[PDB]
Every structure is written in structure tokens, then in C-alpha cells.
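Let me begin by presenting the structure, written as C-alpha cells, before commenting on it.
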Amino acid sequence: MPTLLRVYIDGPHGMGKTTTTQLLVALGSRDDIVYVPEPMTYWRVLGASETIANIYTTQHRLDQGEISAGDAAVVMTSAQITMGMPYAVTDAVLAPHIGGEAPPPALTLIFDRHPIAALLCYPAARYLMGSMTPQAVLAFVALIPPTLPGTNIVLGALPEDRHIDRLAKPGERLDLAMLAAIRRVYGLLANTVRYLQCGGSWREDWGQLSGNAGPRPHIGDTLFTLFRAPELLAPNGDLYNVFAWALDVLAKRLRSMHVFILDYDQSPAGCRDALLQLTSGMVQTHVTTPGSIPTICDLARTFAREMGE
Amino acid sequence: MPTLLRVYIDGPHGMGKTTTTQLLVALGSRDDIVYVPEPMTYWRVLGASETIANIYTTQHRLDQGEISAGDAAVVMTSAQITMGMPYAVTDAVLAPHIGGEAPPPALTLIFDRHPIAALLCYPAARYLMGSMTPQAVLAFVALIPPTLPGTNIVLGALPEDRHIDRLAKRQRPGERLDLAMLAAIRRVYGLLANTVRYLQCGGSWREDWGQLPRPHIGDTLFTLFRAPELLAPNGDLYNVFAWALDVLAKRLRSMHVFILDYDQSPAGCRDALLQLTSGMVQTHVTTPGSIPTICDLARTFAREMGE
Ligand SMILES: COc1nc(C=C(CO)CO)c(C)c(OC)n1
Ligand SMILES: COc1nc(C=C(CO)CO)c(C)c(OC)n1
């Protein structure tokens, strides 16, 4: 029974994730490590017209006082559903091939981002920016697919000052406020997994909210803190049950994830070797049939050819 | 482990779907069959303000030429997320309580609609109405939750004329009587039923794609996706959309469809639905506390998001 290692490189854009990944795939053998790359093609052409460009234009207009929140919200919600579609189909066709958690893997699968990037992280950041409702953020949360065994997610670390300079180097605009928001979000996320793996329970700690490594963070330091918003609160001050249930889904999805932190404050070859060492402590899985491996290989290869830049 | 029967009452709206169900929960014991009703309060207040009204005003403005198809699509996409949220959250918290396939069940759970109504059927109809992109529809399709065992879906049969009449007699808040939408939504559901049969008799969309004892691929939902937006310059579907179609195939193939004839009295419908249950597939729950956890979920849902 052959084995599989899946690794999702995620976190805020502009750190160097894409390069580092490509650098890592390059060191490997042709037929034992594949890359599912960033689907910019879907973003700029196939899915719609310059989705990246559309998003930053609308945020800028909202800030400039040129459209209202409600208007910006519907534009952001649409574009983001679109942004995330390739991650979602990929997860869906792959799911049946994944077995139980399990010596060198017969195949390593590297992903540019994980479904929560588009179904949770960026939405949450847009909400912080005032360009998306928390209800819609939670509707995205409710559609996060089941976390499969051996979900290794690598997030980035990088000083803000250096992050600002590197990013200043699609259709994007330099939105420091966005950068700050997405940085905060991925920060809460890493805390949240830690919070949940240390047996934390958002229901039991909900009142404490108001005005891989380490100890259990405070609930105020996790994603749960974002959804203490008046839109989601009943008169009695509690969360409406429907929203509570989506927080439950959030906990169920995150708690079983293996989070790793990668330092991007170094050269491109540095990040690569850092990442390589980091893989040996990652959870592998068995596949479900013998032919899962070449099948998985074709899908990843098919994807890159079509959607990678 | 104790057994569970899940029954999703679905199909196009305006046929009798709600009245019918209400008569059935009346018959069975209040603590032997539970009901998850239409989340009108979420659609009208909690998720956003008057979502139904927003949907229909927007189609109308697109029809009157007051806004662009592009503008319509974004609003439509956004609002349909809002419509589907309670369905999606419910399935997600219920899933771990569902076990394998299984004598009368320990609990019978009846829903007003299944998640594919908001993630496939309604969006597809809006696509036929020019107010949603086919990409968006496929993006919803990709997010369809996995099909758990015992997924029994009841769809309705009713001649269009009777259907028009009943829908006219019970519009929802903000809804606009629209015969194009009605024909769009009826067709989507007819294709749905045909799609399941096609799949279940071993149809393979990839094989029969060229053609664009089972239905013809041209009478399934796969025909809706020959759209030019999804095709490469040589006529092939991009692989990304092809995979969404594999997902659609996997999800639909293992659902169990039952057709309810609505062309009768509300009490006739109730009896019919009841007899329809002998062929439905039961499952085991997964934990001794699943049954009461499910009951409390249902009543909590009803209490909060019911009208
Ligand atoms: C910029 O908006 C936005 N960016 C991304 C990520 C990008 C481009 O910012 C890949 O770097 C994602 C995943 C997203 O998901 C909804 N939304
Ligand atoms: C009217 O628009 C619309 N209605 C429905 C269903 C209704 C009728 O408004 C309840 O039958 C659904 C599920 C939906 O899903 C996106 N969109």
C-alpha cells in the first residue's frame, strides 16, 4: 500500500510562496513530486475578466466613498466564489483517493493555497475592510469541504516592513490596509488551529470575548473573535444558532489540520531548504487503490498545463 | 445503532411542497418524525434584507433593460449564496451523525429542500434566464456537499397549467410571478431527474459528450454546460469545468429520487408522500446521542428561521 504526502503552501500573498514552491518541485524527481499551481489563467480569462483587477478597483471605490458597503459586498462575494472554484474542484476530485494517515512517500503533492484561502481567509479580510458582510463570510465557512486526512498547511512568517517592500514589488493596487488585514487573518488562523488542538472550545469560551507549537491561545486571539459582530447577534446578545452552527463547522474543519510555519525573511533558496526540512515532520497518508498514484499524478499535471501561469 | 430516515422535499416551488409536508408531520408522532422547515426568516432578515425581493427585482430590471447582464450576475450570485446558507450549515453539522445503510426507523427527518436546490437547481435556472454565468454555476456545483448514504430526494410532478395556478395563489414576499422563471425552473428539475437516471444506468458524460437504455445526454443537465464560456477554441471543455461535471456526476448518481404527484388534494399529496417512504433508504446514526442531538437541531432551526 503506497503512500502520499500533500502539502498546501498558503498565507498572505507577496511573501514568496509561489517561487519557493517551484524551487522545491525543481529539486525533486520528475515522477514523485507534482505541483498544483496558482490558477491565474482561470482568474484572468476562463473564470471571468481580470478578477484580481475587479476586486481592488471596487475596494478602492468603496474607500473613496464612490459606492456603498452593500454594493461593494455583492461584488466581493461574487468575485471570491469565482476566485476559489479551482481549489474546490481539485479537493473534490482528489478526496476519494485519500486514505488513512500513515518511510518515503510514493508521491508528494504540493498545492498553491488551500480551499480555506478563498472560503475563509480572504473573505474574512474583506469583512475587516468593510467590503463584505459577516453572514456571507460564514456562508463561505459553511461550504468548506471536509478536511481530509494528512492536511499539511504551511503558512508564512515575514516582518511587516519587509512584507510591505516585497509586495510593492493581476491588476493589484498597493492596499496597505488590505495587507494588514490579510496578515492579521492568517495570524488568527494559525492560533485557531492551535487553540482547537489544545482542546479549546469556542462555545465554552464565548463569553471571554468583549471589550503545532506552544500553549493554548486565548479565544480573543483566534478567528472566532471576528464573528462577535452585531449583525450576527440576537437581542439577548447571543449568536443566532445558524451562525453558531457555522462556527462549529469552522472548528470541525480547522482542528484536524497540521499547521507549519515557514520563515520567508530569507533568500529564495533559503525558503526552499527551510521548506524541505519542514516536510519530514509532516503527516502522510495511504491511498485507496493501487492506481490512485498515477491517477493523482495526471490530474495535477493536467491542472498545471491548463491553469498555471 | 438506531436507524434514521432522511427525506428531502424538493422540486420546483409553487407545487404544494409546504402544505403537503405540514399534513404529514401532523399524522406522525411529534417525537417520532421531525421537520426542518423553510428558513424564510434567514432569507428575509438574518442573512440579509429581503433576499427573495432582491432576486426578482434584479431579474426584472435585467429584463426591462435597466441593468447589464454583468451587473445582474453578481447580484444573483451573491444573493443565492444567502439563500443556500442554512441548507449548507445544516448538512454540515448533520454529516458526522450519519452512518452506513441500514423495519420502521427510530427517527424520520424531513427537510424543506436539499442543498442542491440552492447550489445547482436555482442557479442553473437563473443561468437559463440570462442572470448567472455558467462559471458561477459550476463554482456552486464544486461546493456541493458529499452525498451521504440514505439521501432520499422527493421531486414533484404537476402539469404546467395547474403549476402556474398554484404558484399564483401563493407568491412569497418580494416574489414576482414570472412564467419564464417558472419554465426555467421546471426544466432544470426535469433535467435533474433525467440526469440521476442516466447516471444510475451507467451513463458517462465524457463518453457521450460527442453526442452534443437510459436518457440521451441531451436530455440531462450536462447539456446546459456546452456553453461557449467554458470551451477552449477547439471545442473541448477546459479541464477545470470538466472536473466540476465529474463532481456533479458523483453527487447525483448516489441520490435516491422519488416523484410525488402534486395534482391532487393536499391530503392526497400527504398520503402519497407517506407511501413513497417504503422505498426510501435508511441509515444507522453514529452515536447513541445522535437522535436527540438531531431532534434539538431540527426544533432549534424551526424555532429560529421558520416563519
Ligand atoms: C485578492 O483577492 C483574493 N486573492 C486571493 C489570492 C491571490 C491573489 O491575491 C493569490 O495570491 C484569493 C485566494 C482570494 O480568495 C477569495 N481573493
Ligand atoms: C427565489 O430564488 C430562490 N428560491 C429558492 C427557493 C424557494 C422559493 O423562493 C423556496 O421554495 C432557492 C432555494 C434559491 O436558491 C438559490 N433561490
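Note that each Cβ is placed from the backbone with ideal geometry, even for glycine, and that neighbours are counted across all protein chains shown. Read the figures in this text as sums done on the coordinates, not as results from a lab.
Non-local amide H neighbours of B:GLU175 (under 5 Å, H modeled in plane, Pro and chain starts lacking H): which ones?
none
If the cut-off is a Cα-Cα distance under 27 Å, which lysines reach B:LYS169, setting aside same-chain residues fewer than 8 apart in sequence?
Straight-line reach from B:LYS169, under 27 Å: B:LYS17.
Place the peptides A:88-99, B:79-90 in order of packing, highest mean first, counting for every residue the other Cβ atoms within 10 Å and averaging per peptide.
Most protected by this proxy first, the peptides run B:79-90, A:88-99.
Per residue of region B:58-69, in order, report the coupling 6.51 cos²θ - 1.76 cosθ + 1.60 (Karplus, θ = phi - 60°) as ³J(HN,Hα) in whole Hz, putting x for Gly and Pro.
Once rounded to whole Hz, the list reads 5, 4, 4, 4, 4, 5, 6, x, 7, 9, 7, 4.
Can you find, among B:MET1, B:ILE52, B:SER78, the residue sitting farthest towards the positive end of the charge dipole of region B:1-80, where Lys and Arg contribute +1 and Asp and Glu -1 at Cβ?
Farthest towards the positive end: B:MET1.
What value, in deg cm²/dmol to 500, does the helix sum -39500 (n - 2.57) over DSSP H runs of n ≥ 4 give at 222 nm once divided by the residues of chain A?
Using -39500 (n - 2.57) per qualifying helix, the result is -14500 deg cm²/dmol.
With unit charges on the beta carbon (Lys/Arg positive, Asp/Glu negative), name the residue among A:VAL141, A:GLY214, A:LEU239 whose Cα is farthest towards the positive pole of the charge dipole of chain A.
Comparing the listed Cα positions along the dipole, A:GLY214 ranks first.
Using the Cα centre of region A:26-140 as the reference point, and only Cβ charges (+1 on K/R, -1 on D/E), how large is the resulting charge dipole? Debye, rounded to the nearest 20.
120
Taking each residue in A:68-80, count the Cβ atoms of any other chain within 10 Å of its Cβ, then average. What number comes out?
Per residue, the average neighbour count from other chains is 4.
Could you give the dipole magnitude of region B:131-221 about its Cα centre, charging the beta-carbon of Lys and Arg +1 and that of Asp and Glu -1, in debye to the nearest 20? Walk me through the numbers on the way to the answer.
Numbers: 11 positive and 8 negative charges, 59 e Å.
So the dipole magnitude of region B:131-221 works out to roughly 280 debye.
Does region A:101-160 come out rounded, prolate or oblate by the C-alpha gyration tensor, with a ≥ b ≥ c the root eigenvalues, rounded set by a/c under 1.5 and, if not, prolate when a/b is larger than b/c and oblate if not?
oblate
Using the Karplus equation 6.51 cos²θ - 1.76 cosθ + 1.60 (θ = phi - 60°), what ³J(HN,Hα) coupling, rounded to whole Hz, does each residue of region A:144-161 give in order, writing x for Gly and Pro?
Along region A:144-161, the couplings run 4, x, x, 6, 6, x, x, 8, 8, 10, 8, 9, x, 10, 6, x, 4, 4 Hz.
How large is the dipole of the protein assembly as shown about the Cα centre if only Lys and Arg carry +1 and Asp and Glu carry -1, each at its Cβ, rounded to the nearest 20 debye? Write out the running numbers ahead of the final one.
Numbers: 48 positive and 56 negative charges, 93 e Å.
About 440 debye.
Under 1.5 on a/c is rounded, so check that first for the protein assembly as shown, then, if it is not, pick prolate when a/b is larger than b/c and oblate when it is not; a ≥ b ≥ c are the square roots of the alpha carbon gyration tensor eigenvalues.
rounded
Among bridges DSSP assigns within chain B, what percent are antiparallel (round to 5)?
In chain B, DSSP labels about 20 percent of beta bridges as antiparallel.
Spelling out what I want: for every residue of region B:80-93, take phi, set θ = phi - 60°, compute 6.51 cos²θ - 1.76 cosθ + 1.60 (Karplus), and round to whole Hz; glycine and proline get x.
6, 4, 4, 4, x, 3, x, 4, 5, 4, 5, 4, 6, 6
Looking at the protein assembly as shown only, what percent of DSSP beta bridges run antiparallel? Nearest 5 please.
20
With a/c under 1.5 counting as rounded, go ahead and sort region B:136-276 into rounded, prolate or oblate using the C-alpha gyration tensor (a ≥ b ≥ c being the square roots of the eigenvalues; past the cut-off, prolate if a/b is larger than b/c, else oblate).
prolate
Along each principal axis of its Cα atoms, how long is chain A end to end? Whole angstroms, biggest number first, please.
Taking the Cα atoms of chain A, the three principal extents are 56, 42, 35 Å.
Which residue, chosen from A:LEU275, A:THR18, A:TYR87, occupies the Cα position most advanced towards the positive end of the dipole of chain A, where the dipole is computed from +1 (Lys, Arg) and -1 (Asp, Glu) charges on Cβ about the Cα centre?
A:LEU275
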